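Listed below are the residues making up each chain.
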Protein chains: 4
Amino acid sequence: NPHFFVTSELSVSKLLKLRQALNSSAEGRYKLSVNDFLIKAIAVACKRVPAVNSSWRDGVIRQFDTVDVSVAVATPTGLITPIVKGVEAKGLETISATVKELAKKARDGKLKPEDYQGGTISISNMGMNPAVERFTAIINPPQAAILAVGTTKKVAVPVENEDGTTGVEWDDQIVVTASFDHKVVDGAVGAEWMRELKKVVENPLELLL
Amino acid sequence: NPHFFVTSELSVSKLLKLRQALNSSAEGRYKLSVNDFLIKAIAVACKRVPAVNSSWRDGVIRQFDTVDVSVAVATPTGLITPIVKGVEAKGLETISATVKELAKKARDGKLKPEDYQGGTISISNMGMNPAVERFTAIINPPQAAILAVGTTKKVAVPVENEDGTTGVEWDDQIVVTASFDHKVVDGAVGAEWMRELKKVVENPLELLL
Amino acid sequence: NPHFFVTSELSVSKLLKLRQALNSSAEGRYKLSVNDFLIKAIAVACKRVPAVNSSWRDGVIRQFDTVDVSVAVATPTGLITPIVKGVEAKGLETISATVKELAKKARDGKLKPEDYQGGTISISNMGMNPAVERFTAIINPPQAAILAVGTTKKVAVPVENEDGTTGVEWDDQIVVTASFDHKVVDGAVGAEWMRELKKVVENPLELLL
Amino acid sequence: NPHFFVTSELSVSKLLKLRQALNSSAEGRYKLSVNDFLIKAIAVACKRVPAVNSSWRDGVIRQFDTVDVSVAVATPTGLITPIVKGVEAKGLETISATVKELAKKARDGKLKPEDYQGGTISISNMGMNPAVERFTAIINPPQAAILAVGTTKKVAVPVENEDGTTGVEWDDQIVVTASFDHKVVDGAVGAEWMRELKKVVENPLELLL
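Enquirer: Account for the pattern of salt bridges, with residues named and values stated.
Expert: Considering all chains together, one arrives at 20 salt bridges over all chains under this definition. In this structure, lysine 104 of chain A engages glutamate 101 of chain A in a salt bridge whose closest nitrogen and oxygen atoms are separated by 3.8 Å. Note that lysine 104 of chain A and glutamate 101 of chain A are positioned in helix α3 (residues 93–108) at a spacing of 3 residues, about one turn of the helix. Since its relative accessible area comes to 44%, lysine 104 of chain A is described here as partly exposed. In this structure, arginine 29 of chain D engages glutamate 27 of chain D in a salt bridge whose closest nitrogen and oxygen atoms are separated by 2.6 Å. Summarising the burial analysis for this pair, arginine 29 of chain D and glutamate 27 of chain D share the class exposed.

Have a look at this one:
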């Protein structure tokens, strides 16, 4: 299993501003987190290039026209992978309610058994606790790509103010990792998908596009 | 062998201050290095959560109540793994003398043959030379986790001084990597162990705890 | 295949200055890129320590006195690995012309079939597009080490000006990754090769050495 | 029974600072008092010189390699001596929990009968109430040394400030007393043990040593 690890580095301050604005405008019917924006962005990204969201059979490979995103949730019994289907068609409040409902279902017991079967990309995120920057779980056998998300730190970013020739103003910054299979997805298309994903995420206004 | 790589990023300036104070107070009977603090901290960390320090047999797994730490040393013949046992009970001067004596034994020849058998976590550190930030040797077959340590760089860290709204003051910072097995230790407990390890190391005053 | 991933972090501003000077002095007969300096530097580095540029047969291993560098190029059909031989003897303009000619040959069709066989280290570099910092393709079967190159970012670097006690002046900085085999090349010699490679690259004036 | 009384005078302000720091950093799982630092320090001190922690049989004497510390607790029924074993191996939070649990066990009733047998040095401390500076209970028959602790007062300590040729700044100060047997432990080794104990306690940073 030749799984090569690529990475990217994303600026999220715009996402924080948008999340705060939407949460303040909310009347309580929905709750938003950064994982919501990440899953919507990666759904749009997979719509952009369908190469990443494929599967490998015995010899032959199959490509999915639609997008099905599996999210990892931590349970005392082990690792659970709830699924959400048709993410591109849905908004972000609906997927928010779906993921929180699936999480609480995992808390109170076991889920309906076909919530485990299916999917195109597996997503894991321990950004809640600190002391984690990079990680990559093994790719699931029916999958072809896994995207892992670390925590958000606070580092200096290039700025070109006039009074200060160099200038230093700080921004929040996050690290993502992607493990592919190299049997279906090669390095070039993975780098393309990552760069266009960063292009989508850096300015969130194109999420509605 | 699904070995997933997690990482953390540690501040060591407090450790440097403590090491300098103890070395100045020393009368020559003991010599201290950063590896000493790392091995003591990880011993306490394994005491905190015993899940990481286990082993896998044919099908069944075995959990060790005590801690046995194997340290990697570079030799012209190859790679050697001296062992230290009961690290949690011992202080740091005793383990310091033990590791330096084992290192010089490796220099002058071969060791007693049962110094190779046993252990719970393997530790490797090439922080002596520069030009290394991340690395991860393969996990030893009777082990379940390996922690590798890079070098210490000097980077900017968040500060909240009054005169400067952003403010910039620099600190030394180190990178650690952890390769687990995923047959015994899953991602969640590994992240827990790493975050509590960083909590222990960041302020060294809890080492005596 | 126990492929352990080591990394380094290089300052390239001197290389940019030298590249700009040589390109301005050029009359059009040659074109220079950062990949040229990297391949020349790694050729000299392999000349420094011949351990990395070896191959593994069935049980026995073979060491190459000369250097043969294979460079990866992205093609719509897939991944292509043109080869350049005797790089240490040649300058940098000759290897520049050779690599650009091989790239355009890959563009317009297929190459002469023995351009695929041979080599000591495989080099891949997607530094052209942004949104990539670390990656590592699997080592080719007749090879023993692969060096991957990310993009160049702009980060703060330690400075010791008098007026500012800390001081902050920024520099361009690049990330490199190295995947070895651990059947032939162990961690120590890999770290040695990486540190001496960084020593060569940081100040490019030793390239002519 | 020729029990000669030696004494020492200790500065504890550093211990108060360390205790306050650790208690503030505590999340409630442990509670620390000065007696904890004293018992850990004397355990390390007995490890330093094993002469004090011995016992006398009929004619012959026996020396203990390990350390077992008996602490005196005041009960309405009389005087009770709970025991803690292997103190040097354990930290200070574990012995803290052990001593508080033994104290509350003495409060709610009688203890398991073998908690009375064994030990190397008996420790008594009425530092809680004021109006006590020196005291010394008789040595227990199977013991060879008893260390009693008074209360902490506030007295002037030598200082060498520049503006004030003499200078006066005040510090907290405690008095300790030691009654030996003179059948096993003579004056010289007792004075050695006391001076090295004061050396350990005055700067608590060597407790982790």
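From this point, things continue past the structure.
Enquirer: Now, about the environment of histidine 182 of chain B: what can you tell me, with residues and values included?
Expert: All names here are of chain B. Position of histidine 182 relative to the elements: it lies in the loop between β10 (169–180) and α4 (187–202). Residues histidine 182 and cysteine 46, spaced 136 residues apart in sequence, show a C-alpha to C-alpha distance of 17 Å. Apart from residues lying up to four places away in sequence, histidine 182 is in contact with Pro2 and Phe4.

Enquirer: An account of the interface of chain A and chain C is requested, with residue identities and associated values reported.
Expert: With 18 residues of chain A at the interface, the matching set in chain C holds 13 residues. Each partner contributes to the roughly 1400 Å² buried at the junction of chain A and chain C, and carbon and sulfur atoms together form 69% of this total. There are 0 salt bridges connecting chain A and chain C. Between the two partners, chain A and chain C, sit 1 residue pair in polar contact. When residues of the side of chain A that touches chain C are traced back to their parent elements, those giving at least two are β1 (5–11), β9 (145–157) and α4 (187–202) of chain A. The biggest single contributor to the side of chain A that touches chain C is β1 of chain A, with 5 residues. Broken down by class, the residue content of the side of chain A that touches chain C amounts to 10 nonpolar, 4 polar and 4 charged.

Enquirer: Give a description of the sheet that holds strand β7 (residues 83–85) of chain B that names residues and reports values.
Expert: Residues and elements named next belong to chain B. The strand order across the open sheet formed by 6 strands is β1-β10-β9-β8-β4-β7, and the pairing between neighbours is mixed. Sheet topology places β1 (5–11) and β7 at the edges, where each strand pairs with a single neighbour. Between one strand and the next, the sheet's axes are offset by a mean angle of 25°, whatever the strand orientation. Across 7 bridges, β1 lies against β10 in antiparallel orientation. Within β10, the residue paired with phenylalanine 5 across the bridge is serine 179. The sheet strands contacting α4 are β1, β9 (145–157) and β10, and the helix crosses β1 at an angle near 15°.

Enquirer: Explain the arrangement of the chains residue by residue, including any values.
Expert: At no point do chain A and chain D touch; the closest pair of C-alpha atoms across them sits 18 Å apart. Regarding chain C and chain D, the two do not touch, and the least distance separating their C-alpha atoms is 29 Å.

Enquirer: So what's going on with the interface of chain A and chain B? Residues and values would help.
Expert: Each partner contributes residues to the interface: chain A has 13 residues there, and chain B has 18 residues. Per-residue buried area on chain A facing chain B is highest for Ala131, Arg134 and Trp170 of chain A; these three make up 39% of the total on that side. Remark: the boundary between chain A and chain B carries 0 salt bridges. Linking chain A with chain B are 1 residue pair in polar contact.

Enquirer: Break down the UniProt feature "binding site: CoA" in chain A for me, with residues and values.
Expert: All names here are of chain A. Per the UniProt annotation, the sites labelled "binding site: CoA" are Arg19, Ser33, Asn35, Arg107, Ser124 and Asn125. What stands out for the annotated residues spanning 107 residues is how far apart their C-alpha atoms range, the widest pair being 25.5 Å apart. Residue position: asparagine 35 is located in helix α2 (residues 34–48). If you trace the backbone, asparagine 125 turns up in strand β8 (residues 121–125).

Enquirer: Kindly report on the side chain of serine 55 of chain C, identifying the contributing residues and their values.
Expert: Examined against the element boundaries, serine 55 of chain C turns out to sit in strand β2 (residues 54–56). Every residue in contact with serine 55 of chain C, bar those within four places of it in the chain, is listed here: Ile61, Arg62, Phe64 and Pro142 of chain C.

Enquirer: Now, about a nonpolar patch on the surface: what can you tell me, with residues and values included?
Expert: A cluster of nonpolar side chains, contributed by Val168 of chain A, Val168 of chain B together with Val168 of chain C, occupies part of the molecular surface with about 170 Å² of accessible area. Secondary-structure assignment places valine 168 of chain B in the loop between β9 and β10.

Enquirer: Please give an account of the relation of the copies chain A and chain B that cites residues and values.
Expert: With an RMSD of 0.0 Å, the fit of chain A onto chain B corresponds to turning through 120° and sliding 0.0 Å along the axis. The transformation relating the two chain copies, once decomposed into turn and shift, fits a three-fold axis. Identified as the residue of chain A closest to the rotation axis by C-alpha distance is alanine 156 of chain A, at 4.6 Å. An overlap of only 15% is found between the interface residues of chain A and their copies at the interface of chain B, pointing to separate contact surfaces.

Enquirer: I'd like to hear about the relation of the copies chain A and chain C, residue by residue, with values.
Expert: Superposition of the two copies of the chain requires a rotation about an axis together with a shift along that axis. Taken as rigid bodies, chain A and chain C are interconverted by a rotation of 120° and an axial shift of 0.0 Å, the fit giving an RMSD of 0.0 Å. Comparing interface residues between copies, only 11% of those in chain A also sit at the interface in chain C, which points to a heterologous contact through distinct surfaces.

About the cut-offs
- Residues numbered from 1 in each chain as written, not as in the entry; some residues may be left out.
- Chains lettered and ligands numbered in written order.
- Part of a larger assembly, values for the part shown.
- Heavy atoms only, no water.
- Salt bridge = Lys/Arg side-chain N within 4 Å of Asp/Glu carboxyl O.
- Helix = DSSP H or I, 4+ residues; strand = E, 2+ residues; numbered from the N terminus.
- Buried < 20%, exposed > 50% of the residue type's maximum accessible area, 1.4 Å probe, protein only.
- Contact = heavy atoms within 4.5 Å.
- Buried area = accessible area lost by both parts, 1.4 Å probe.
- Polar contact = N/O pair within 3.5 Å; in protein donor to acceptor, adjacent residues only side chain to side chain.
- Nonpolar A, V, L, I, M, F, W, Y, C, P; charged D, E, K, R; others polar.
- Pairing = 2+ DSSP bridges.
- Axes fitted to C-alpha atoms, helices over the stretch in contact; angles between N-to-C directions.
- UniProt positions renumbered as here; feature names shortened; annotations may be inferred.
- Patch = residues over 30% accessible without salt bridge, like charges linked within 9 Å, V, L, I, M, F, W, Y side chains within 5 Å.
- Areas by Shrake-Rupley, 256 points an atom, 1.4 Å probe, with all protein chains shown as cover.
- Least-squares fit on C-alpha atoms.

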